[PDB]
Amino acid sequence: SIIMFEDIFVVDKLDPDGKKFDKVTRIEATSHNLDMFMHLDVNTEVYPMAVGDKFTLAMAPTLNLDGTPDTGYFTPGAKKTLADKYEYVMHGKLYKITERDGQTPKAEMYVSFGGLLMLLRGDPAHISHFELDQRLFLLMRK
Amino acid sequence: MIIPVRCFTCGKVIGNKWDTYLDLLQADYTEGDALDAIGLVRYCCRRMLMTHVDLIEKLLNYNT
Amino acid sequence: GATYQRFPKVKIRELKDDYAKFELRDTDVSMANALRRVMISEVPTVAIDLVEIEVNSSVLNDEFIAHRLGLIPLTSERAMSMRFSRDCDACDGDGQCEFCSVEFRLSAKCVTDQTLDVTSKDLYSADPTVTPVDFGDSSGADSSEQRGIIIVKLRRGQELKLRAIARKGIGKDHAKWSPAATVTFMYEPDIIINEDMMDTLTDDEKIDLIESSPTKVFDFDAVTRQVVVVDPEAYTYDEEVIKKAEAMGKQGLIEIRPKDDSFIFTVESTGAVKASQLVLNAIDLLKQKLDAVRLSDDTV
Amino acid sequence: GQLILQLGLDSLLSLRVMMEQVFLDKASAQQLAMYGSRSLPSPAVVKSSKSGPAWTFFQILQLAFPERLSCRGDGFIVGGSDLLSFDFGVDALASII
Amino acid sequence: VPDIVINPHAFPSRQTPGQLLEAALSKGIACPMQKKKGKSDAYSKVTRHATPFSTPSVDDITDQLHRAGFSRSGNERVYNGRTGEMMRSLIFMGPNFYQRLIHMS
Amino acid sequence: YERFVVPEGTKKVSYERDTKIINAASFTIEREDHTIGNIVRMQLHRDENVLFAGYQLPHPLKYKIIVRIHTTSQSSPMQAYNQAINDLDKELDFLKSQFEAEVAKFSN
Amino acid sequence: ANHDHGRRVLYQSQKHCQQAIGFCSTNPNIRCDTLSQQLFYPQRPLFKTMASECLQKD
Ligand SMILES: [Zn+2]
Ligand SMILES: [Zn+2]
């Protein structure tokens with residue numbers, strides 16, 4: 001069970017400030033059971049999402065489910081048992097963390113999926129993560 | 001001067017089709033019917049026959 | 001050493017002496033493009049490559065006549081077994097040989113007052129019956145004119161004596177050796193026209209958006225009020241039909257998708273080589289090129 | 001006081017059409033990877049339901065970089081020879097480059 | 001195959017739409033004309049006159065290209081000569097009278 | 001003339017083992033173009049244990065190909081390269097067989 | 001010709017038409033001058049203009 005974070009989220013506002021591209025939108029999500037704020041840039045060709053849907057999100061630091069921390073890259077392989085239980089996965093890099101959060105709200109976690117961005121807002125039970133070190137995989141289901 | 005062999009774009013041999021072209025235009029045909037009679041489907045050869053300037057005769061008259 | 005091998009299929013629609021069409025499928029685009037490029041530029045042919053003019057007294061010039069002689073197609077069926085003249089041990093005498101260097105002859109003169117024209121059928125070839133000038137554009141086909149390719153026209157005091165030497169070459173050296181004169185292919189479309197959107201819109205709109213097609217792809221079946229694809233292979237990928245469907249706002253009406261396989265060729269020929277002989281020489285030269293690039297000698 | 005070398009006619013058009021097509025396939029990506037340097041990064045979208053992997057074009061832009069670049073910009077953020085974020089603005093594209 | 005290929009950055013600045021109109025006119029001349037069986041000789045309503053101050057309209061040229069079988073916008077779909085697959089952008093083709101100038105180098 | 005097949009003093013194919021990455025080589029093929037490089041790379045992409053298949057021409061005027069193969073373990077560049085060439089040769093065999101069959105249905 | 005900018009038509013009708021390589025003469029055995037030039041296969045255009053049709057000079 002090599003998972004740093006795992007929760008379920010609901011979408012409430014597509015197109016927050018401007019629809020910058022034909023196929024890339026920013027998606028606002030709001031959590032449950034951990035209560036958090038959640039923004040994400042998603043490809044809306046291979047996986048579009050309507051408003052008022054549900055999806056469970058994970059964060060594995062390495063995709064093959066045996067604690068072997070190699071990058072792998074062999075994801076369409078025949079069967080070596082990776083974490084392809086879920087449906088939408090995209091590798092990325094965390095580049096600025098703000099778990100210092102020296103005011104009233106919670107932490108700020110900014111990652112970059114090579115040009116797609118994610119905003120996860122929450123301090124409690126998120127203190128596993130680091131500043132650099134591109135290992136996040138962002139599995140999405142439902 | 002004379003008609004060029006090998007239509008410049010594609011490469012079909014057209015170097016023999018000149019006199020039958022003149023005879024088909026001589027009979028009563030228009031140019032579209034004549035080129036469809038000789039069998040030139042793509043326009044790279046049709047532009048090579050319709051725009052040929054035949055200057056060999058003016059050269060033959062002015063020699064001696 | 002696994003399988004890693006896809007299995008092509010050929011099915012021929014038409015085949016004449018200088019024409020073909022076959023529905024090659026289950027192979028990738030790059031293989032079809034390789035066949036096209038080999039047939040245009042790699043397959044060899046015999047053509048005139050050297051000219052000695054003894055007398056020229058016409059109104060044309062020497063390079064004009066030599067340039068017209070270079071383009072006259074010669075029948076090349078022993079050219080796959082001939083050799084490049086840089087690779088011949090013999091024949092260093094600027095003359096006739098038996099594995100390259102066929103020699104031609106030409107002489108003509110007019111003594112009447114009737115404007116004699118010198119055609120391709122005045123070229124007489126030594127080493128006969130193997131590389132003559134081509135006659136299929138004159139006889140064996142009632143296409144245009146049996147007089148053949150005109151070279152010069154002459155008057156009384158005018159003559160032309162020369163001797164040409166044909167050799168072997170390929171289309172990358174000059175355009176005179178390329179035997180193709182048309183080699184092309186195309187995809188073939190997958191058209192998945194909806195019937196639950198087509199019964200919505202009205203009959204005048206039906207006969208309008210059928211009319212917007214520049215080639216007769218669809219047909220209007222008036223007896224059942226419906227439409228019908230009658231010829232997919234005349235679709236030319238210009239999207240005008242689906243664009244007028246977009247302007248009429250009826251989305252999901254028709255969709256058109258090029259299939260990954262199924263490459264309909266169309267091969268023509270100058271008449272130097274037959275069509276099926278061009279395809280088979282292309283496959284053989286691809287095998288020779290794939291043979292000459294192996295590193296099988298040192299495995300590690 | 002500026003650079004005497006800026007991107008000209010066809011190159012800027014190539015960048016515009018590469019921006020409006022944000023995703024690339026595998027084969028075009030590995031074909032473009034032959035040119036610059038830095039072999040190739042891992043794909044952005046590593047799988048989906050329908051296609052295989054998919055790259056973004058910012059990862060394609062990384063291949064021309066030198067080694068261990070770290071600079072801060074108006075829209076560009078570069079940490080360790082990677083292009084982390086890049087602003088939307090196509091109007092200011094001859095400036096962010 | 002084309003005989004001369006030029007850059008599309010030359011046209012929106014120098015303000016010569018006459019070259020595009022000339023290419024479309026000549027391409028509509030030299031092509032054949034389908035549906036010729038019955039109802040017409042099918043080669044008589046063909047415009048060949050690009051007289052300067054009295055010129056054919058856009059609708060004449062585009063409806064002629066529709067009659068000849070090609071696309072009304074002037075473009076034409078091509079395949080690449082290297083990869084061999086479909087080039088995504090439709091290409092504008094057609095004949096044009098070019099010239100060769102002295103003082104070669 | 002000299003533009004065609006490689007003269008004496010130069011191999012047709014020149015191998016080079018890449019230094020900085022394991023399972024990596026660069027095949028510098030003389031006297032070719034897009035015809036062979038394209039079919040080689042698209043045959044390589046149908047393999048299992050391959051990772052990176054491309055070709056590029058170091059100048060578009062000069063008549064040579066450089067091919068690069070990154071693979072996994074359980075294989076090498078040499079194995080998948082010769083696998084590609086031999087399977088393309090087998091497909092040209094099967095294609096020539098199909099075409100010479102289909103010529104016979106124009107029975108004379 | 002009324003579609004182009006006026007500068008382009010000035011170019012074509014004063015300099016480029018006067019320089020293009022094409023026909024030279026129909027008796028080249030007598031013109032002994034410096035740098036006579038000529039094409040091989042001259043042509044006429046696919047279109048027609050009024051003046052080129054009334055003049056009938058190709
Ligand atoms: Zn043609
Ligand atoms: Zn010899």
# chains A, B, ... in the order shown; residues from 1 in each chain; ligands from 1
call {"tool": "interface_residues", "arguments": {"of": "chain C", "to": "chain E", "cutoff": "8 Å", "atoms": "only C-alpha atoms", "output": "PyMOL selection string"}}
result
chain C and resi 29-30+33+214-215+236-238+240
call {"tool": "write_last_selection", "arguments": {"atoms": "N, CA, C and O atoms", "output": "compact mmCIF listing (two decimals), in the first residue's frame"}}
result
# COMPACT_ATOMS: atom_id res chain seq x y z
N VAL C 29 1.74 2.71 -43.32
CA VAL C 29 1.85 3.77 -44.31
C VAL C 29 3.27 3.86 -44.86
O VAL C 29 3.48 4.14 -46.05
N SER C 30 4.27 3.59 -44.01
CA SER C 30 5.66 3.77 -44.41
C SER C 30 6.08 2.74 -45.44
O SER C 30 6.92 3.02 -46.30
N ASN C 33 4.69 4.03 -48.71
CA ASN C 33 5.50 5.15 -49.16
C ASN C 33 6.86 4.67 -49.67
O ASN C 33 7.41 5.25 -50.61
N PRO C 214 -18.41 18.21 -53.78
CA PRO C 214 -17.82 18.47 -55.10
C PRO C 214 -17.61 17.23 -55.94
O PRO C 214 -17.47 17.36 -57.16
N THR C 215 -17.57 16.05 -55.34
CA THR C 215 -17.57 14.80 -56.06
C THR C 215 -18.81 14.02 -55.66
O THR C 215 -19.32 14.16 -54.55
N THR C 236 -12.41 13.10 -51.39
CA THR C 236 -11.09 13.69 -51.57
C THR C 236 -10.59 14.46 -50.35
O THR C 236 -9.59 15.18 -50.48
N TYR C 237 -11.26 14.33 -49.21
CA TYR C 237 -10.84 14.90 -47.92
C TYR C 237 -10.68 16.42 -47.97
O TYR C 237 -9.59 16.97 -47.83
N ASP C 238 -11.80 17.10 -48.20
CA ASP C 238 -11.83 18.55 -48.16
C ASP C 238 -12.86 19.09 -47.19
O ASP C 238 -13.00 20.32 -47.07
N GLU C 240 -15.96 19.71 -47.04
CA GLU C 240 -16.99 20.70 -47.36
C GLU C 240 -18.38 20.22 -46.97
O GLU C 240 -19.23 21.03 -46.56
call {"tool": "residues_near_ligand", "arguments": {"ligand": "ligand 1", "cutoff": "7 Å", "atoms": "only C-alpha atoms and all ligand atoms", "output": "number ranges by chain"}}
result
B: 9-12, 42, 44-45; C: 181-182
call {"tool": "write_last_selection", "arguments": {"atoms": "C-alpha atoms", "output": "PDB file, in the first residue's frame"}}
result
ATOM      1  CA  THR B   9       5.292  17.879 -63.737  1.00  0.00           C
ATOM      2  CA  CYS B  10       4.197  14.248 -63.892  1.00  0.00           C
ATOM      3  CA  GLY B  11       6.177  12.651 -66.704  1.00  0.00           C
ATOM      4  CA  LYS B  12       3.638  11.268 -69.175  1.00  0.00           C
ATOM      5  CA  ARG B  42      -4.784  15.320 -64.955  1.00  0.00           C
ATOM      6  CA  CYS B  44      -0.557  19.014 -65.542  1.00  0.00           C
ATOM      7  CA  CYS B  45      -0.554  17.657 -69.116  1.00  0.00           C
TER       8      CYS B  45
ATOM      9  CA  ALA C 181       5.011   8.694 -64.945  1.00  0.00           C
ATOM     10  CA  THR C 182       2.375   8.203 -62.229  1.00  0.00           C
TER      11      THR C 182
END
call {"tool": "residues_around", "arguments": {"residues": "residue C:136", "least_positions_apart": "6", "cutoff": "12 Å", "atoms": "only C-alpha atoms", "output": "PyMOL selection string"}}
result
(chain B and resi 13+16) or (chain C and resi 17-18+73-75+121+142-149+269-274)
call {"tool": "residues_near_ligand", "arguments": {"ligand": "ligand 2", "cutoff": "12 Å", "atoms": "only C-alpha atoms and all ligand atoms", "output": "PyMOL selection string"}}
result
chain C and resi 82-103+166-168
call {"tool": "interface_residues", "arguments": {"of": "chain C", "to": "chain G", "cutoff": "12 Å", "atoms": "only C-alpha atoms", "output": "NGL selection string"}}
result
:C and (59-61 or 63-65 or 67-68)
call {"tool": "select_by_dssp", "arguments": {"residues": "chain F", "states": "strand (DSSP E or B)", "output": "list in words"}}
result
residues 13, 14, 17, 24, 25, 26, 27, 28, 29, 30, 50, 51, 52, 53, 54, 55, 56, 64, 65, 66, 67, 68, 69, 70 and 71 of chain F
call {"tool": "write_last_selection", "arguments": {"atoms": "N, CA, C and O atoms", "output": "mmCIF file, in the first residue's frame"}}
result
data_model
loop_
_atom_site.group_PDB
_atom_site.id
_atom_site.type_symbol
_atom_site.label_atom_id
_atom_site.label_comp_id
_atom_site.auth_asym_id
_atom_site.auth_seq_id
_atom_site.Cartn_x
_atom_site.Cartn_y
_atom_site.Cartn_z
ATOM 1 N N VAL F 13 27.497 0.570 -42.785
ATOM 2 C CA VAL F 13 26.910 0.858 -41.484
ATOM 3 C C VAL F 13 28.048 1.032 -40.492
ATOM 4 O O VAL F 13 28.995 0.239 -40.486
ATOM 5 N N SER F 14 27.970 2.070 -39.663
ATOM 6 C CA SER F 14 28.962 2.301 -38.622
ATOM 7 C C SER F 14 28.265 2.324 -37.272
ATOM 8 O O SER F 14 27.427 3.193 -37.018
ATOM 9 N N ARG F 17 28.455 2.646 -29.685
ATOM 10 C CA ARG F 17 27.827 2.401 -28.396
ATOM 11 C C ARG F 17 27.774 3.705 -27.619
ATOM 12 O O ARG F 17 28.806 4.351 -27.415
ATOM 13 N N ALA F 24 21.720 1.522 -25.272
ATOM 14 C CA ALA F 24 21.646 2.694 -26.137
ATOM 15 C C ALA F 24 22.777 2.663 -27.151
ATOM 16 O O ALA F 24 23.941 2.519 -26.771
ATOM 17 N N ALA F 25 22.443 2.826 -28.430
ATOM 18 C CA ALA F 25 23.449 2.897 -29.478
ATOM 19 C C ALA F 25 22.945 3.799 -30.593
ATOM 20 O O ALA F 25 21.791 4.227 -30.598
ATOM 21 N N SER F 26 23.819 4.086 -31.555
ATOM 22 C CA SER F 26 23.468 5.004 -32.638
ATOM 23 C C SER F 26 24.039 4.450 -33.942
ATOM 24 O O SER F 26 25.254 4.465 -34.152
ATOM 25 N N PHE F 27 23.149 3.989 -34.813
ATOM 26 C CA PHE F 27 23.526 3.335 -36.056
ATOM 27 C C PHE F 27 23.617 4.378 -37.156
ATOM 28 O O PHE F 27 22.594 4.926 -37.572
ATOM 29 N N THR F 28 24.822 4.647 -37.637
ATOM 30 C CA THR F 28 25.040 5.681 -38.645
ATOM 31 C C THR F 28 25.111 5.009 -40.007
ATOM 32 O O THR F 28 26.156 4.487 -40.398
ATOM 33 N N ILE F 29 24.009 5.015 -40.719
ATOM 34 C CA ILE F 29 23.902 4.308 -41.987
ATOM 35 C C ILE F 29 24.228 5.265 -43.119
ATOM 36 O O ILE F 29 23.682 6.368 -43.196
ATOM 37 N N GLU F 30 25.134 4.853 -43.992
ATOM 38 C CA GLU F 30 25.481 5.614 -45.177
ATOM 39 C C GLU F 30 24.476 5.335 -46.283
ATOM 40 O O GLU F 30 23.777 4.323 -46.255
ATOM 41 N N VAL F 50 11.393 -2.384 -26.695
ATOM 42 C CA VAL F 50 12.057 -1.208 -27.241
ATOM 43 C C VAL F 50 11.468 0.017 -26.551
ATOM 44 O O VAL F 50 10.381 -0.056 -25.965
ATOM 45 N N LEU F 51 12.203 1.125 -26.563
ATOM 46 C CA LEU F 51 11.760 2.319 -25.861
ATOM 47 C C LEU F 51 11.817 3.583 -26.698
ATOM 48 O O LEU F 51 11.061 4.515 -26.433
ATOM 49 N N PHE F 52 12.681 3.640 -27.702
ATOM 50 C CA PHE F 52 12.933 4.885 -28.412
ATOM 51 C C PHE F 52 13.456 4.538 -29.791
ATOM 52 O O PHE F 52 14.529 3.944 -29.908
ATOM 53 N N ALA F 53 12.717 4.911 -30.829
ATOM 54 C CA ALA F 53 13.108 4.620 -32.202
ATOM 55 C C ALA F 53 12.974 5.884 -33.030
ATOM 56 O O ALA F 53 11.865 6.395 -33.201
ATOM 57 N N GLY F 54 14.090 6.387 -33.547
ATOM 58 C CA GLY F 54 14.025 7.544 -34.414
ATOM 59 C C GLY F 54 15.148 7.565 -35.426
ATOM 60 O O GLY F 54 16.145 6.856 -35.299
ATOM 61 N N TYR F 55 14.976 8.404 -36.440
ATOM 62 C CA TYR F 55 16.054 8.662 -37.377
ATOM 63 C C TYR F 55 16.070 10.150 -37.682
ATOM 64 O O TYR F 55 15.052 10.832 -37.570
ATOM 65 N N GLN F 56 17.237 10.647 -38.079
ATOM 66 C CA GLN F 56 17.346 12.038 -38.484
ATOM 67 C C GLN F 56 18.510 12.175 -39.446
ATOM 68 O O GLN F 56 19.440 11.370 -39.438
ATOM 69 N N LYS F 64 22.588 10.420 -45.914
ATOM 70 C CA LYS F 64 22.888 9.431 -44.879
ATOM 71 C C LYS F 64 21.921 9.556 -43.708
ATOM 72 O O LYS F 64 21.336 10.611 -43.469
ATOM 73 N N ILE F 65 21.759 8.456 -42.976
ATOM 74 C CA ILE F 65 20.800 8.354 -41.881
ATOM 75 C C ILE F 65 21.552 8.036 -40.597
ATOM 76 O O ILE F 65 22.539 7.297 -40.609
ATOM 77 N N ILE F 66 21.093 8.608 -39.487
ATOM 78 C CA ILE F 66 21.542 8.228 -38.155
ATOM 79 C C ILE F 66 20.329 7.742 -37.380
ATOM 80 O O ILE F 66 19.369 8.494 -37.200
ATOM 81 N N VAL F 67 20.364 6.489 -36.935
ATOM 82 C CA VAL F 67 19.249 5.854 -36.239
ATOM 83 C C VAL F 67 19.663 5.656 -34.788
ATOM 84 O O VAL F 67 20.825 5.353 -34.513
ATOM 85 N N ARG F 68 18.722 5.831 -33.858
ATOM 86 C CA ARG F 68 18.988 5.662 -32.436
ATOM 87 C C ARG F 68 17.978 4.699 -31.839
ATOM 88 O O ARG F 68 16.783 4.781 -32.130
ATOM 89 N N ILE F 69 18.460 3.783 -31.001
ATOM 90 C CA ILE F 69 17.607 2.807 -30.338
ATOM 91 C C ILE F 69 17.941 2.787 -28.853
ATOM 92 O O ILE F 69 19.080 2.494 -28.478
ATOM 93 N N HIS F 70 16.959 3.103 -28.013
ATOM 94 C CA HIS F 70 17.021 2.838 -26.580
ATOM 95 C C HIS F 70 16.094 1.668 -26.307
ATOM 96 O O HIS F 70 14.937 1.681 -26.735
ATOM 97 N N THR F 71 16.590 0.666 -25.606
ATOM 98 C CA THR F 71 15.790 -0.508 -25.306
ATOM 99 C C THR F 71 15.843 -0.807 -23.814
ATOM 100 O O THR F 71 16.425 -0.062 -23.027
#
call {"tool": "decode", "arguments": {"residues": "stretch 6-17 of chain E", "atoms": "N, CA, C and O atoms", "output": "mmCIF file, in the first residue's frame"}}
result
data_model
loop_
_atom_site.group_PDB
_atom_site.id
_atom_site.type_symbol
_atom_site.label_atom_id
_atom_site.label_comp_id
_atom_site.auth_asym_id
_atom_site.auth_seq_id
_atom_site.Cartn_x
_atom_site.Cartn_y
_atom_site.Cartn_z
ATOM 1 N N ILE E 6 6.341 28.310 -52.687
ATOM 2 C CA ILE E 6 6.642 29.581 -52.040
ATOM 3 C C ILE E 6 5.974 29.648 -50.671
ATOM 4 O O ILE E 6 5.121 28.830 -50.319
ATOM 5 N N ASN E 7 6.381 30.649 -49.898
ATOM 6 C CA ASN E 7 6.111 30.828 -48.478
ATOM 7 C C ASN E 7 4.822 31.622 -48.297
ATOM 8 O O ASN E 7 4.651 32.661 -48.934
ATOM 9 N N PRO E 8 3.898 31.182 -47.434
ATOM 10 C CA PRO E 8 2.669 31.958 -47.216
ATOM 11 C C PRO E 8 2.843 33.238 -46.425
ATOM 12 O O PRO E 8 1.856 33.941 -46.217
ATOM 13 N N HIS E 9 4.047 33.577 -45.973
ATOM 14 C CA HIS E 9 4.280 34.879 -45.361
ATOM 15 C C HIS E 9 4.467 35.994 -46.374
ATOM 16 O O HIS E 9 4.754 37.125 -45.976
ATOM 17 N N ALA E 10 4.347 35.713 -47.664
ATOM 18 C CA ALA E 10 4.530 36.763 -48.649
ATOM 19 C C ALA E 10 3.238 37.477 -49.001
ATOM 20 O O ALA E 10 3.288 38.604 -49.501
ATOM 21 N N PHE E 11 2.104 36.843 -48.808
ATOM 22 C CA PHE E 11 0.841 37.400 -49.283
ATOM 23 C C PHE E 11 0.100 38.406 -48.397
ATOM 24 O O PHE E 11 -0.414 39.382 -48.952
ATOM 25 N N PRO E 12 -0.039 38.237 -47.069
ATOM 26 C CA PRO E 12 -0.843 39.217 -46.318
ATOM 27 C C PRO E 12 -0.200 40.580 -46.167
ATOM 28 O O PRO E 12 -0.887 41.526 -45.768
ATOM 29 N N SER E 13 1.087 40.723 -46.457
ATOM 30 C CA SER E 13 1.719 42.029 -46.360
ATOM 31 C C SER E 13 1.761 42.757 -47.695
ATOM 32 O O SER E 13 1.417 43.936 -47.765
ATOM 33 N N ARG E 14 2.163 42.072 -48.763
ATOM 34 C CA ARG E 14 2.458 42.766 -50.008
ATOM 35 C C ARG E 14 1.221 43.100 -50.825
ATOM 36 O O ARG E 14 1.353 43.808 -51.831
ATOM 37 N N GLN E 15 0.052 42.583 -50.434
ATOM 38 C CA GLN E 15 -1.256 42.958 -50.977
ATOM 39 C C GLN E 15 -1.380 42.633 -52.465
ATOM 40 O O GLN E 15 -1.695 43.492 -53.284
ATOM 41 N N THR E 16 -1.116 41.380 -52.816
ATOM 42 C CA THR E 16 -1.378 40.880 -54.165
ATOM 43 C C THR E 16 -2.310 39.678 -54.073
ATOM 44 O O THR E 16 -1.863 38.529 -54.022
ATOM 45 N N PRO E 17 -3.624 39.913 -54.036
ATOM 46 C CA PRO E 17 -4.572 38.804 -54.176
ATOM 47 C C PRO E 17 -4.784 38.389 -55.619
ATOM 48 O O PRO E 17 -5.446 37.365 -55.874
#
